[PDB]
Amino acid sequence: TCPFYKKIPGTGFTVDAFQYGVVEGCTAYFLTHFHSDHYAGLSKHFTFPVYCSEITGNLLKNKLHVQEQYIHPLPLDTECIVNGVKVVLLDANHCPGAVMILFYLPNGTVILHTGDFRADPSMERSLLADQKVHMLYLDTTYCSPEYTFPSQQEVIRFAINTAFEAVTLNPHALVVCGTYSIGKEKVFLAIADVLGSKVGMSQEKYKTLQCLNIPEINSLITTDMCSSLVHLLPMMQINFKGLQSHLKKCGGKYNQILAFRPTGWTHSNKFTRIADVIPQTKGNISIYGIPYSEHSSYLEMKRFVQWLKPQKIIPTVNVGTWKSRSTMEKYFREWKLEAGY
Ligand code: NI
């Protein structure tokens, strides 16, 4: 059944709750972003109102074939009334179209639902600065102190420098980047930009990217693989067997592959820095795992929460085990005692 952490009290609303059939008493279904664990269950047969960003609405229409009459896109940073309740959508700094949602309950309670987010100090100057938030539904993906990772900017500088050096040393090297969802587009766009190439990809992935309102996108991507020296493949294909296979497909146009796997966290984060990362190499193929995250580090999460000073925190990630739930509750209490709320 629908878990309590997907329901907004005092309303008929649910958030990211499309796989339970009809939720008894739901009058509006919000969707924070287009990732499959969140939209799971939506299709052309859905007949309840879906509230979301413009970009998530484009993906629902074009990829899932949800009918236009059930898609309700809302502008960001704008007070809107939904079924009698004031809401605001905020940029979540996750993937394209991803939002946080502020609910203003008729009784005066204010609720923030972060969806999935990567906390940033810029959020401290949004419409959140303007009133008190009582209850926080929090993306706790990386809620433990071991989870450090570099800034997105640091990671993209590493990727750009690595690729430019490799291709300038060997003009017959191909760059491949893995993907299995929307998000982390800066990785392949930044590398293609420094190399004066468009990124080449499958017709399905091109269609997905043409839904994201990225400025000048027609100048940056293509379905013509041959004309491109940055290819995107399914993340599954980013291994030596998959890459040797791919290289055969290019008809001796290339003699070397340099591949990127943008992971979340991996345990080499605890020891090694970004300047010191090394690839796995077999033959003329080298694979770099780069820690490009679209979720909060522990410290970023902690700063946001200590700034916001909520009365109550409801985790939305890692909630399935008693050990995880207890660990999280211990950090929340530490944070509240340190900051004095
Ligand atoms: Ni997500």
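For ligands, and for the atoms within them, numbers begin at 1 and follow the listed sequence. Values reported hereafter were calculated over all heavy atoms of this structure, with side chains retained and with hydrogens, waters and symmetry mates removed. Just so you know, residue 1 is the first one in the sequence shown, and it goes up from there.
- Not a single N, O or S atom of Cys95, from either the backbone or the side chain, sits less than 2.8 Å from the Ni ion (ligand 1).
- Listed by first then second residue, pairs satisfying ring-ring contact (aromatic ring centres under 6.0 Å, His included) with a partner in residues 107-130 read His113-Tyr137, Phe117-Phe304, not counting sequence neighbours.
- For residue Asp116, an N/O/S atom approaches the Ni ion (ligand 1) to within less than 2.8 Å.
- At a threshold of 4.5 Å between non-hydrogen side-chain atoms, the residues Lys198 and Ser227 do not count as touching.
- Between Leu59 and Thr56 the shortest side-chain heavy-atom distance does not fall below 4.5 Å.
- Draw a line from the Ni ion (ligand 1) to NE2 of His33 and another to ND1 of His35, and the angle between them is 90° (to 10°).
- Side-chain polar atoms of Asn318 and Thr140 form no donor-acceptor pair below 3.5 angstrom.
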